[PDB]
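A.B. asks: Input: one structure, supplied below.
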Amino acid sequence: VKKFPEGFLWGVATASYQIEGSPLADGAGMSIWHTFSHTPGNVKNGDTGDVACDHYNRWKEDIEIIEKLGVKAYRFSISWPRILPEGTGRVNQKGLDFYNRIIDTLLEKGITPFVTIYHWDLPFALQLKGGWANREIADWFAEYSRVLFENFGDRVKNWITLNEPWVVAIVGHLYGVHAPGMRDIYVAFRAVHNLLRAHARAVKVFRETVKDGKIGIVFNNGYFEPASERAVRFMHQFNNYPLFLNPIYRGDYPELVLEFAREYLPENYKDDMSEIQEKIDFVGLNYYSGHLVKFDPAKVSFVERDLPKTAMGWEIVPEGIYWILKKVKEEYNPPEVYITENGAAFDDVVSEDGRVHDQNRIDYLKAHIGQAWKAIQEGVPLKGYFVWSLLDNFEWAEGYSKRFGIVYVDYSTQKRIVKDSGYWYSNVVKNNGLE
Ligand SMILES: O=C(O)c1c[n+]2c([nH]1)[C@H](O)[C@@H](O)[C@H](O)[C@H]2CO
């Protein structure tokens with residue numbers, strides 16, 4: 001048996017735009033994912049977040065599902081434009097009411113809330129003012145954060161500033177695959193820098209406002225391996241937590257990041273580094289996949305390997321999660337770590353028996369939970385693990401076509417069907433580990 005520490009946090013994870021629907025209900029401002037997904041060509045099948053899982057009306061049912069599964073922590077995000085429709089200034093009481101009911105319900109049912117302040121749904125009003133490209137976002141984010149702390153900090157004690165700022169900056173502003181859909185390398189690296197400055201301003205306000213809670217930040221990570229026998233060192237420093245943690249902990253960008261991108265960063269960016277080092281309480285790592293990497297005249301390309309893949313076409317590489325856990329301890333030694341996301345998309349079918357027999361997702365989860373256990377044995381301070389996702393949801397530019405839930409969602413009726421994964425996971429949580 002692989003048993004976890006006493007009081008280890010077993011959780012599930014969602015994001016506001018991915019599950020809620022009703023993006024303009026009760027005075028909410030538009031977000032950039034609303035305008036981006038309503039632009040033809042940007043999202044698979046013309047899918048948008050207009051309805052999604054209808055969690056905006058079905059929130060109680062979904063929480064009752066979390067409770068019924070015995071899952072102990074729920075990671076969810078707040079939609080900035082529900083709270084402040086123009087991004088700054090006016091506060092919308094109905095948006096606060098929405099998350100207040102979610103928060104109180106979780107606490108009643110003994111589920112611990114983990115709130116992601118920013119999970120990609122920037123108010124459109126602020127995008128008009130440049131969004132992450134604008135230095136003033138540090139102030140706009142700080143004021144948004146202050147609102148959340150004041151309203152919810154009496155009850156929510158675990159906070160995440162940003163979800164995957166690498167994706168926000170690079171996929172949003174260089175690849176243009178995500179909102180706001182831009183393809184400018186200089187904008188993209190100014191967004192990296194501003195995401196850091198905004199994160200740090202939010203931490204600073206947190207210390208002044210919620211004197212008994214904890215705050216951290218979440219990164220996407222890949223397990224990169226070299227094709228022959230440096231481009232791997234780069235991918236780690238650039239795609240993984242070092243891009244942000246080197247500034248946070250060491251006061252500058254990683255070495256290979258500066259080699260590639262010094263010219264794209266603002267000229268006096270080092271002026272902001274002392275503020276950027278605002279102390280954080282934990283590091284959240286997301287992990288999904290491994291990649292084989294070769295040098296190639298960003299001077300990097302991926303080499304496809306055989307290996308089982310998910311419906312995303314992501315190579316299943318469970319040892320990556322142990323690696324990334326060991327490497328973060330080794331490189332930055334954060335006091336606490338969480339796996340804030342881990343999961344897989346598979347082509348899920350409801351059998352005639354009414355169940356979803358996702359043995360592939362179970363194999364995926366079990367393999368990665370084992371590897372996280374190992375890192376705990378070898379001393380990594382991992383305090384929690386979060387499955388992405390509770391529900392099948394809007395998977396960004398893939399639309400509804402990728403299913404990550406441990407609960408199946410039938411979109412034509414909004415019926416939730418717990419998958420074999422969910423039941424299996426429920427048992428892991430109950431036992432506090434693998435049997
Ligand atoms: O780092 C990643 O690969 C990654 C995967 N995911 C994410 N980041 C985001 O945090 C979620 O909003 C996604 O829906 C989820 C599944 O694609």
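The way I read the labels, and the way they are meant: chains A, B, ... in the order of the structure tokens, residue 1 as the first residue of every chain, and ligand 1 as the first ligand shown, with later ones counted on from there.
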What are the closest atom pairs, with distances in Å to one decimal, for all residues of chain A lying within 8 Å of ligand 1? Consider only C-alpha atoms and all ligand atoms, order rows by chain and residue number, and present the result as a tab-separated table.
C.D. replies:
```
residue	atom	partner	partner_atom_place_in_ligand_line	distance
A:14	CA	ligand 1	12 (O)	7.3
A:15	CA	ligand 1	12 (O)	6.1
A:18	CA	ligand 1	12 (O)	7.2
A:119	CA	ligand 1	12 (O)	7.0
A:163	CA	ligand 1	10 (O)	6.2
A:164	CA	ligand 1	10 (O)	6.3
A:167	CA	ligand 1	8 (N)	7.7
A:219	CA	ligand 1	1 (O)	7.4
A:220	CA	ligand 1	1 (O)	4.0
A:221	CA	ligand 1	1 (O)	6.1
A:222	CA	ligand 1	1 (O)	7.6
A:286	CA	ligand 1	1 (O)	5.9
A:287	CA	ligand 1	1 (O)	6.2
A:288	CA	ligand 1	3 (O)	5.7
A:289	CA	ligand 1	3 (O)	7.3
A:341	CA	ligand 1	10 (O)	7.0
A:342	CA	ligand 1	5 (C)	8.0
A:343	CA	ligand 1	16 (C)	7.5
A:344	CA	ligand 1	16 (C)	7.6
A:345	CA	ligand 1	16 (C)	7.9
A:388	CA	ligand 1	15 (C)	6.6
A:389	CA	ligand 1	15 (C)	7.9
A:393	CA	ligand 1	14 (O)	7.7
A:394	CA	ligand 1	14 (O)	7.2
A:395	CA	ligand 1	14 (O)	4.8
A:396	CA	ligand 1	14 (O)	6.5
A:404	CA	ligand 1	16 (C)	6.9
```
A.B. asks: Put those residues in a file: C-alpha atoms, as a short mmCIF file (atom, residue, chain, number, x, y, z; two decimals), in the first residue's frame.
C.D. replies:
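Listed below is the output, part_15.cif:
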```cif
data_model
loop_
_atom_site.label_atom_id
_atom_site.label_comp_id
_atom_site.auth_asym_id
_atom_site.auth_seq_id
_atom_site.Cartn_x
_atom_site.Cartn_y
_atom_site.Cartn_z
CA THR A 14 -12.08 23.63 -12.26
CA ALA A 15 -11.89 27.19 -13.80
CA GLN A 18 -14.60 26.41 -18.44
CA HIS A 119 -7.56 31.73 -14.55
CA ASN A 163 -2.88 30.02 -13.17
CA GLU A 164 -0.12 29.20 -15.70
CA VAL A 167 0.44 30.07 -21.08
CA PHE A 219 2.79 26.77 -13.13
CA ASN A 220 2.42 24.46 -16.10
CA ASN A 221 5.32 22.00 -16.41
CA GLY A 222 6.50 19.46 -18.95
CA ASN A 286 0.39 21.43 -12.88
CA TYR A 287 1.62 18.34 -14.76
CA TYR A 288 0.20 16.41 -17.74
CA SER A 289 2.84 15.30 -20.20
CA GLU A 341 -3.66 19.94 -11.70
CA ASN A 342 -3.04 16.41 -13.17
CA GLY A 343 -5.46 14.59 -15.46
CA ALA A 344 -6.11 13.27 -18.97
CA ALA A 345 -8.48 13.61 -21.91
CA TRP A 388 -8.10 18.15 -13.43
CA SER A 389 -11.03 18.10 -13.65
CA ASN A 393 -15.77 21.28 -19.53
CA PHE A 394 -14.81 23.87 -22.19
CA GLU A 395 -11.22 22.99 -23.00
CA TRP A 396 -10.23 26.39 -24.40
CA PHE A 404 -10.96 15.76 -18.72
#
```
A.B. asks: When DSSP works through the backbone of this structure, what residues of range 156-288 of chain A end up as strand (DSSP E), shown as a PyMOL selection string?
C.D. replies: chain A and resi 158-163+214-226+282-288
A.B. asks: Kindly indicate which residue among A:173, A:305, A:60, A:201 lies nearest to residue 225 in chain A, using only C-alpha atoms for the distances.
C.D. replies: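 Going through A:173, A:305, A:60, A:201 one by one, the smallest distance to residue 225 in chain A is for A:305.
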A.B. asks: Quick one: pull the distance between CA of residue 260 in chain A and CA of residue 169 in chain A, Å, one decimal.
C.D. replies: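 Taking CA of residue 260 in chain A and CA of residue 169 in chain A, their separation equals 15.7 Å.
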A.B. asks: As a PyMOL selection string, please: all residues of range 136-326 of chain A that backbone DSSP puts in helix (DSSP H, G or I).
C.D. replies: chain A and resi 137-152+165-175+185-209+231-239+242-250+255-264+269-276+319-326
A.B. asks: Contacts between range 146-151 of chain A and range 90-111 of chain A, please, where a residue of range 90-111 of chain A counts if it comes within 9 Å (with only C-alpha atoms); show its shortest atom pair and distance in Å to one decimal, rows by chain and ascending number, as a tab-separated table.
C.D. replies:
```
residue	atom	partner	partner_atom	distance
A:91	CA	A:147	CA	8.2
A:96	CA	A:151	CA	7.7
A:100	CA	A:151	CA	8.5
```
A.B. asks: Which residue is closest to residue 321 in chain A? Choose from A:40, A:384, A:95, A:370 and count only C-alpha atoms.
C.D. replies: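 Using only C-alpha atoms, the shortest distance to residue 321 in chain A belongs to A:370.
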